[PDB]
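In: Quick one, what's the 3D model for this:
(2 chains, ligands or ions: 4)
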2 protein chains.
Amino acid sequence: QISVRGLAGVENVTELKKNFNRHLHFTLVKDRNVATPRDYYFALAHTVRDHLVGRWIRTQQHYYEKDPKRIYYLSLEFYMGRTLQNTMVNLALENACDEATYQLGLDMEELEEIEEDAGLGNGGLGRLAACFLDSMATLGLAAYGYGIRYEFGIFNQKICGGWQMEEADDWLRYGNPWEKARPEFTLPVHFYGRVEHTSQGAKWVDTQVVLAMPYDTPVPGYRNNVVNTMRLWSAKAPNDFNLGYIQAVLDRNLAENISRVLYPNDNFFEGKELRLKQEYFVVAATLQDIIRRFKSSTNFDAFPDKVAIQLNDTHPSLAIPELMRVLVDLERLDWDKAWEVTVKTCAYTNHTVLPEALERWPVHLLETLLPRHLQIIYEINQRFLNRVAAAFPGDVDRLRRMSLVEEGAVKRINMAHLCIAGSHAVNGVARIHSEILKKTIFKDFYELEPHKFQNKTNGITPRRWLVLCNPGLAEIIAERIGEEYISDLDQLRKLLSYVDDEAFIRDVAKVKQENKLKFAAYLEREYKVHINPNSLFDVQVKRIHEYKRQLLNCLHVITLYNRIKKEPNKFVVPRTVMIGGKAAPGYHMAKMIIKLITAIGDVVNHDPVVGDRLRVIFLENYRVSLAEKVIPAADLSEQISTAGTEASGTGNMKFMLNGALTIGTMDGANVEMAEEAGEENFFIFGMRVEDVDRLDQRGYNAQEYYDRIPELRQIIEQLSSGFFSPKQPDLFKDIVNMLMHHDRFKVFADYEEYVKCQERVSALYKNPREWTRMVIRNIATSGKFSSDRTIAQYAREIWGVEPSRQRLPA
Amino acid sequence: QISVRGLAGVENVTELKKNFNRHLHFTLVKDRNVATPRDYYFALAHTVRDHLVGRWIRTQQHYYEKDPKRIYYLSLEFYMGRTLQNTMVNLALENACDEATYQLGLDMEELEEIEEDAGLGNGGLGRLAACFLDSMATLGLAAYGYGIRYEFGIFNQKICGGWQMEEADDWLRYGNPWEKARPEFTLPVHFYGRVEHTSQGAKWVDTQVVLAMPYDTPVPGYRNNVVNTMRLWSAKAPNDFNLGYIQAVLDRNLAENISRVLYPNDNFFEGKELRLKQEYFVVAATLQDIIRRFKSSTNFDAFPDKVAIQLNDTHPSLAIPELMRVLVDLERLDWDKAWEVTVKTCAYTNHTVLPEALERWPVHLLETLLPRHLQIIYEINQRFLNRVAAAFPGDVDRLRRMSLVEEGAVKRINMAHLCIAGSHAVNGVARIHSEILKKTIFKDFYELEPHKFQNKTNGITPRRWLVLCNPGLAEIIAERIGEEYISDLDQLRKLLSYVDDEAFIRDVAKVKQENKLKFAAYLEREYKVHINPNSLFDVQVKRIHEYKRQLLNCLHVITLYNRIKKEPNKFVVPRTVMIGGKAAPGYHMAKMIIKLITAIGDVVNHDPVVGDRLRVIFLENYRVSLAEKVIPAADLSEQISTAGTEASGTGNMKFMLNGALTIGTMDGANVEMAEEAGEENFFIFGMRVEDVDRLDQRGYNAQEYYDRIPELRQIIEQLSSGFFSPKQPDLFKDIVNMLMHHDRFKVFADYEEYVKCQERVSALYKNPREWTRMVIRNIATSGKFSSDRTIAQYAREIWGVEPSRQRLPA
Ligand SMILES: OC[C@H]1O[C@@H](NC(=S)N/N=C/c2ccc(Br)cc2)[C@H](O)[C@@H](O)[C@@H]1O
Ligand SMILES: OC[C@H]1O[C@@H](NC(=S)N/N=C/c2ccc(Br)cc2)[C@H](O)[C@@H](O)[C@@H]1O
Ligand SMILES: OC[C@H]1O[C@@H](NC(=S)N/N=C/c2ccc(Br)cc2)[C@H](O)[C@@H](O)[C@@H]1O
Ligand SMILES: OC[C@H]1O[C@@H](NC(=S)N/N=C/c2ccc(Br)cc2)[C@H](O)[C@@H](O)[C@@H]1O
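Out: Numbers count the residues shown, from 1 in each chain, chains lettered A, B, ... in the order given. Ligands and ions are numbered 1, 2, ... in the order given. Take a look at the structure below.
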């Protein structure tokens, strides 16, 4: 039907149809009489996956013959979403499969909805890993993603009585057609035990063993015939485990619990032993696999020439002492040589500045679980601190600030300090974030080793985040500038010469309207909720966090409601305000915020005076597949974190690429987005980082704002008095108290500017032509935010490898 | 190569080769450079399984269109062994696959060794279920096997220092190519809760729910294109289960533990809650599936015309009150009608008379776990006992003897009594066993309802137990009488006219010698143990039980050793004595017996004076795949249970079919085997049932035997003094004490006759011609012991269905 979806050739369509029937029969053991919709999905998945196989074998074979430097991306999170459409897109099979299924009497889009998200991540960090894998394959890098195959991913969110309920994400229940178990590479991982010092070095003995079994998932590049591997480890008990009899067999569950569930606590570091076990498990299995592949090329001098390990935050930081352990204890390298190898191999990416999220493991935990690693960390620390002492003689406070070991009630290891010490490169994920790292939280480290600190501004893949989710937009763009932009997103700049083109303006606006109608219909069908598709779609989707300031959004919503109620017969630009995102299960304030949003909806949506001029909807179970639907439909992207708190954001880039305008603070990548598009084409408001700093020095007094802004006072009074919870008048007392007395994120301080800026948004929307021209100016300058650009920068400036857009033979 | 293995046509071989390569590539994601032996096995399994698919779909479709009466065989055990060769045999694909793999440079027999046994049973009862499934498919019956998909089957047995060690049988670790998950038939099973009595009947409420997910395995008939289903249930937690967060997800293991492991305690009934849960789980899921299929044909009068449920022992006895529960509580049938339906639907097969194996569930367990079922059982009991009281007025002791409820310390439900009450047919498994049921343990029930009691003598499938495991024997038989005997085993009688045929005598003896050489080589290669292949292979393989009297065998072995040591330069017929079998992990005496056997081996095998004249080997990890190897190799089958204790035995029939002579007591099916072959062609010794009864009346005094048999005294003295355990002189004091003071199985009482009978065995073996002629007389009369005969009897006399040897279209 549409051009960017590929050719639907006669031969290909015929072959797809016959392979679909073959799989239905031989693979699913069904005929058309008894086949369920799920059977049809699986038949299609197997049909498509067959096309990856040759490319996958020949890609890995090529890496064996050419022996390039290998990139190992270590993450505890890979937020992949669905795989079927992505695979079809990257293989140019979409139209052919659509035609083939149509002729078989099936709707392919309906089949696509059957696939579970691989929800193996929490939010931005997990999704970044996934975009990165796609870009590495598209850029022809010999790259592997390594993580954990969680049996249960991020919980499914249900809203019951306005409250978040969690249910287990049993995503493997029907089987996963995109994975291949690799039992021949099953590896032992060691825990507990004790250290013995012999004549010939230390030995880690009396350990408990858990097996690590790998599962490989393909990562296809965009039409280049490259298929890379994501290898995820699953925990398996050894067969003699605990081996009264019945109990011993049942107790195998204990060992296998390691890979059972993704930790969803993205707000607050919890020193939980099971989490520590997960972190070591992925690291130990991965490093043995890396070393095996390196040997199948004695001389570890060449190790950093053939291996790069990227640590996605500090979660896999144990790679540093584990690499030392293998090199010193097993390979018998001297300490200094081993250390040089380690440093040159490892690089570390930081994803946050919030102190409560920093991993600081109690020493007593590491002592019991990983006694040899603790010893190694102590030795790393002593040698590192000796370097600090030599560089800054007499600066004793610097020594305690930089120590990997934190003294206090419980001694802790600061994993970020370990990562900086043991890496040749440290990067933040947006220019302002990387600057904050050099100036504030890692200032001491920057002063010691300034060459280590880099920036790598985040990006998103334009395959999933434009071609897949918004084919209508991709197509009208391709009609004018061709298809090359899909793997060279900077080419979108050519769209600037179309900002005055009446045909293009009409098409951009039409695609948005179509996306909005489609989403308005998705809401009615799957959720029985009714929305006005001519309203401005005002969207804030992201995990619920105080720093992300969904509360500020709530305050605006109530302001709009109160203004309408005050002057009911005055015209206002109709809005559909959509907020969605999951709260970490133990984060009380975040759960209260969700309840607030639904409570506002309950009042606003049923007020007859309001009509269809304002609607507040909580988007349930926000996840990658829902993002693919809502983002193309959005007019306004809410990116309103307190300046200095959102390291980068990536949702912001998704909205920019898909034709929404952004209202945002100068925080994270918003700064660079505004810089690319021009500040005139962005709705910027609020404190800058410097203003926040000024406010902290003075002391933040929320009362001052309450006293001087009558509209804000009214909202707080409504919240306190039970206007939004008639039967539980004090329901929101925690929220009011926090806002009034302990708001780390200065919600009131940005309120006035936010509301005024929102008025300017409404003003522009009244003029559809000018709204759309500004939209074109955003899309046209979104090129920098391709993860292809990000990955090319990692490759050249950190990994020491050249990307390549050249095809492998088909 | 050999005729009974089918045609290796050019077209078929070419197609097998190409489908093998297709699976290696597309299914296993490998090419020949990196493929492991296990990959080759899987490629072959997938190639063969493709051939089942059309037949499987068309068989089930046929049952839907013709709507025959369906047979549901309920068992907690299905001891299937390996599936690959069996599938090839039943599809006539063996030679073609052998040729195809040969041309690809692979040894098919080597590939076959890679397959794990499906070890979903303990011994005879589990293996009987498997033979029965094969026969039901071969006889064209619309039959389903229903059980549990245990994650862990019978433990793998390791021998360490002469002691049994158990390890988990992780048989699904690499995936099972013979199963298809059927998620659309996932069903809820209820536990705990409480009963409410409303205006309109009882209601079972506040239950905990565990999901039952079915997995289908094909059961191919012998060359008739019939493929029946074995459906095994797996336990799955519902998604809102226990839904702090992390723990709730980890706790899902609790629910799923139901299908985790097979109970291996075949010696002693343990009232363990988890076992009770397994029993209800299989019953509840199966009955819903049965009823669903029955409705997809309101009127339950026709239920017994369309449904037969066979209960394999009392393990699925809860089917009776569960059927009542569904009929009364859910369908609202009156009690008496529901009961009539239930009785006409259910039949019960008893497999033992040993009191300690009888299931007697504590009332307090059923009260908590299954409160409604207990109420139903109480009501069944009252109505049943009212019938007893009317039939035998004033016989108050009969009332307490026949009650389903046993009074005592803890009240218990006698599940065997429940099964008799609620079934239209009760059968034993060999003529003498069924007689014992009528005369002793169920005498009261027989007197009340004599029409209910039947015999169905056990059988084995001649597909697995001749064609598959002994193709050489199958072939020399087919050369003379054709191939029809394979599904009509009575035709083996035609071999009687060959007992004087010199060519046939030579061939029978040659096949045995070849089997023995092959097994002698298997022992050296996989276990590094050295045996003389010209010795008599004296084999006792079966689970270790006091009643099976492996100890009696041990006493003979020691007798032979002592006689050799006494007269070293006298000629004796060389023997290789092989004993194998697993002991239930909590059965101390059985574990002591294994240690005794190995301890005897340790002395006997290293005595220079003995030479290669006597060797004692413990066959480690006896299981179906090992039985397939050792049984064809055996000369002498040890079937030496105390008369009245082995209900049937089936190992006995396997040896008879494969050319071993039998030394045995007149117990179980041995009686009928001797009757078929003629007593002159069997080595019968020892007490008959009547002699055992006489001895019990008098009182069994082991001392008397010890005092009057000098050779027996010597052995006991050697055992006591530490001759067989020099470093732990008292190791075997438990064994001696048991033999001397509390031997329920009268080992000493059969000793003299056993030893004398064994002398007659040695005498015959000295004359190979006469040995072989007697062997021919055994094989030729083994026809009655085909499970095809057994199943045809069940079909006609219990299920009310006619078997059919007619082909379905290919
Ligand atoms: O879903 C059923 C099972 O499938 C198995 N896959 C097998 S046998 N072949 N896959 C081949 C394959 C071919 C191409 C791609 Br692109 C990916 C996999 C997986 O190993 C199991 O984990 C899984 O549960
Ligand atoms: O760079 C990608 C994105 O990274 C995000 N960091 C995230 S999701 N950390 N999660 C941390 C975490 C900690 C413990 C657990 Br258990 C789970 C998650 C930043 O907040 C975004 O600004 C940035 O765009
Ligand atoms: O082993 C990998 C997985 O395979 C799956 N089988 C699938 S997808 N098709 N089978 C088709 C089939 C075709 C013919 C026969 Br005869 C039996 C099964 C099973 O459902 C899983 O339980 C198993 O783990
Ligand atoms: O009819 C087939 C065979 O049945 C056998 N019974 C067996 S294996 N019962 N297992 C009972 C059992 C009880 C509890 C558990 Br937990 C496990 C097994 C008889 O002993 C044989 O004589 C007979 O030939």
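
In: how close does the residue in the stretch 451-600 of chain A positioned nearest to chain B sit to residue A:472?
Out: Per CB to the nearest CB, residue A:585 is where the stretch 451-600 of chain A lies closest to chain B, at 4.0 Å. For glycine as for every other residue, the C-beta is placed from the backbone atoms N, C-alpha and C. Per CB to CB, to the nearest Å, residue A:585 is found 37 Å from residue A:472.

In: related to what we said a few turns ago, tell me how far the residue of the stretch 451-600 of chain A closest to chain B lies from residue A:184.
Out: Counting by CB to CB - residue A:585 and residue A:184 are separated by 38 Å.

In: Check residue A:239 too.
Out: From residue A:239 over to residue A:184 (counting by CB to CB), the distance is 17 Å.

In: Same check on residue A:516?
Out: 51 Å.

In: More neighbours: residue A:239 and residue A:184, which one.
Out: residue A:239 (16 against 12; other CB atoms under 10 Å in any protein chain shown).

In: can you pull the contacts of the more buried one?
Out: B:156, B:167, B:168, B:170 (CB atoms under 8 Å, 6 or more residues apart in numbering or on different chains).

In: so where does residue A:266 fall, helix or strand?
Out: Applying DSSP states H and E as the criterion places residue A:266 outside every helix and strand.

In: For burial, what's the neighbour tally of it?
Out: By the criterion of other CB under 10 Å, residue A:266 has 24 neighbours.

In: List the backbone torsions phi and psi for residue A:209.
Out: phi -110, psi 130 (degrees, to the nearest 10).

In: In space, what's closest to it - neighbours in sequence excluded?
Out: residue A:188 (5.0 Å; CB to CB, 6 or more residues apart in numbering or on different chains).

In: how many neighbours does the one you found have?
Out: 13.

In: what secondary structure does it sit in?
Out: strand (DSSP: H, G, I helix; E, B strand; the rest coil).

In: Residue of the stretch 551-700 of chain A closest to ligand 1, please.
Out: residue A:624 (19.1 Å; CB to the nearest ligand atom).

In: Enumerate every residue touching residue A:600.
Out: Applying CB under 8 Å, 6+ apart, the residues near residue A:600 are A:554, A:557, A:558, A:561, A:616, A:724.

In: Might you report the residue contacts of the residue nearest to residue A:209?
Out: A:209, A:210, A:211, A:212, A:238.

In: outside of the strand or helix carrying residue A:446, which residues touch it?
Out: Using DSSP H and E, residue A:446 maps to helix A:443-448. Contacts with helix A:443-448, where a contact means CB under 8 Å, 6+ apart, come from A:387-388, A:391-392, A:398, A:401-402, A:417, A:420, A:426, A:437-439, A:452-453.

In: returning to what we had before: filter the contacts of residue A:600 down to the ones in strands?
Out: If you go by DSSP state E, these have residue A:616 in strands.

In: how many other residues sit next to residue A:330?
Out: With other CB under 10 Å as criterion, residue A:330 counts 12.

In: Tell me which stretches of the stretch 651-800 of chain A form helices.
Out: For the stretch 651-800 of chain A, the helices defined by DSSP state H, counting those that start in this stretch cover A:651-657, A:670-677, A:689-698, A:702-708, A:710-721, A:733-741, A:751-765, A:768-780, A:787-794.

In: what's the first one packed up against?
Out: In terms of contacts (3 or more CB pairs under 8 Å, 6 or more residues apart in numbering or on different chains; DSSP states H and E), helix A:651-657 is packed against helix A:624-633, strand A:636-639, strand A:661-664, helix A:670-677, helix A:768-780.

In: Deepest in the core, which of the ones you listed is it.
Out: strand A:636-639 (a mean of 27; mean count of other CB atoms under 10 Å in any protein chain shown).

In: Any figure for the gap between residue A:510 and ligand 4?
Out: Applying CB to the nearest ligand atom, to the nearest Å, the value for residue A:510 to ligand 4 is 70 Å.

In: So what's the residue count around that residue?
Out: 13.

In: what's near enough to touch it?
Out: No residues are in contact with residue A:510 under the rule CB under 8 Å, 6+ apart.

In: Name the residues of the helix or strand where it lies that come out as buried.
Out: Taking DSSP H and E as the definition, residue A:510 sits inside helix A:502-527. Residues A:504, A:505, A:507, A:508, A:509, A:511, A:512, A:515, A:516, A:519, A:520, A:523 are the ones in helix A:502-527 that count as buried (16 or more other CB atoms under 10 Å in any protein chain shown).

In: Chain neighbours aside, what residue packs nearest to residue A:540?
Out: residue A:638 is the one closest to residue A:540 (CB to CB, 6+ apart), at 3.7 Å.

In: try residue A:752
Out: Nearest to residue A:752 is residue A:709, by CB to CB, 6+ apart, at 6.3 Å.
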